[PDB]
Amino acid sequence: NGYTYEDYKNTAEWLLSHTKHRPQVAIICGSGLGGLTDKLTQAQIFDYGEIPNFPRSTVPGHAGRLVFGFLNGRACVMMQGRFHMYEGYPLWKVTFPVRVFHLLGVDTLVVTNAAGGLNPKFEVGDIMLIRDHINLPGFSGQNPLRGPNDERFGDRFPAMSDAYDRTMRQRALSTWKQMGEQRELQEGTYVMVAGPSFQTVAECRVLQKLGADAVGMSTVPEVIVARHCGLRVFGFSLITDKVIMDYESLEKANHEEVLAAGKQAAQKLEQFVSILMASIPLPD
């Protein structure tokens, strides 16, 4: 780490005194999903470069930004452009915003990401309800909680066996049935690899053997610190391509480029997340 408690406190206070908005729900937008910010109403934008203590972008493109607003009526703060480990950011920098949300008064975090499908059943365009995760950087020392614990946020050894709220998963599955979509809402485990290189077949086969249903390079760090803080969490992976799980099928690659989330697939997810704002319990 390198952030004092006061640092987080100072940022949350700064935001609070520059917006009349008071979010209950924070939403991290994954790659190709930033258009969720367009669905906010009465929106107020802050560029990261404007918010004190916020990690500076070293990356191509605009810095990314924090959008306060209402989403189907819900007080939300929305994150467009997350920090990734593969870009050389320490997890304590990646996850900083989650702690600020907590101090902002947020009690719920929704996480979205794009992911390669490991599960034969999954097809490009599917949305996966995240049931559970496998944190490989975590096993080996790369866990955002590393260092002295601050009891003002949470415990030394927080549980993650229950990180994906039972109630919101039951309600997502329920709300999805009224939507009348062609494909059922998938559910499974997100495995986080550090990237940025992509899997070899051999590696794709381990990830499969480890029970992971979909792979990507983000999210878990955030979820973990959310649960440390006692935030309610749920989330979705957009399956942007099927990873090749053998050499036979490796040769059979033809009219191919692992494209970003089909703009229509992204838009389906964005509007599902929006509609689910109806189903989060109110703080009260």
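Numbers follow the displayed sequence, beginning with 1.
> If you average the CA temperature factors as listed in the entry, which stretch comes out higher, 106-114 or 179-187?
The stretch with the larger average C-alpha B-factor is 179-187.
> Identify the stretch, either 23-31 or 241-249, whose C-alpha atoms have the larger mean B-factor according to the entry.
The stretch with the larger average C-alpha B-factor is 241-249.
> Relative to the other modelled residues of the same chain, rank the CA B-factor of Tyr89 and answer lowest, middle or highest third.
It belongs to the highest third of the chain when residues are ordered by C-alpha B-factor.
> Can you work out whether the C-alpha temperature factor of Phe157 puts it in the lowest, middle or highest third of the chain?
As the PDB entry reports it, the C-alpha B-factor of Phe157 lands in the lowest third of its chain.
> Please place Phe198 in the lowest, middle or highest third of its chain by C-alpha B factor as given in the entry.
It belongs to the lowest third of the chain when residues are ordered by C-alpha B-factor.
> Would you mind ranking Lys209 by its C-alpha B-factor against the rest of the chain and naming the third, lowest, middle or highest?
According to the entry, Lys209 has a C-alpha B-factor in the chain's middle third.
> Can you work out whether the C-alpha temperature factor of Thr167 puts it in the lowest, middle or highest third of the chain?
As the PDB entry reports it, the C-alpha B-factor of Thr167 lands in the middle third of its chain.
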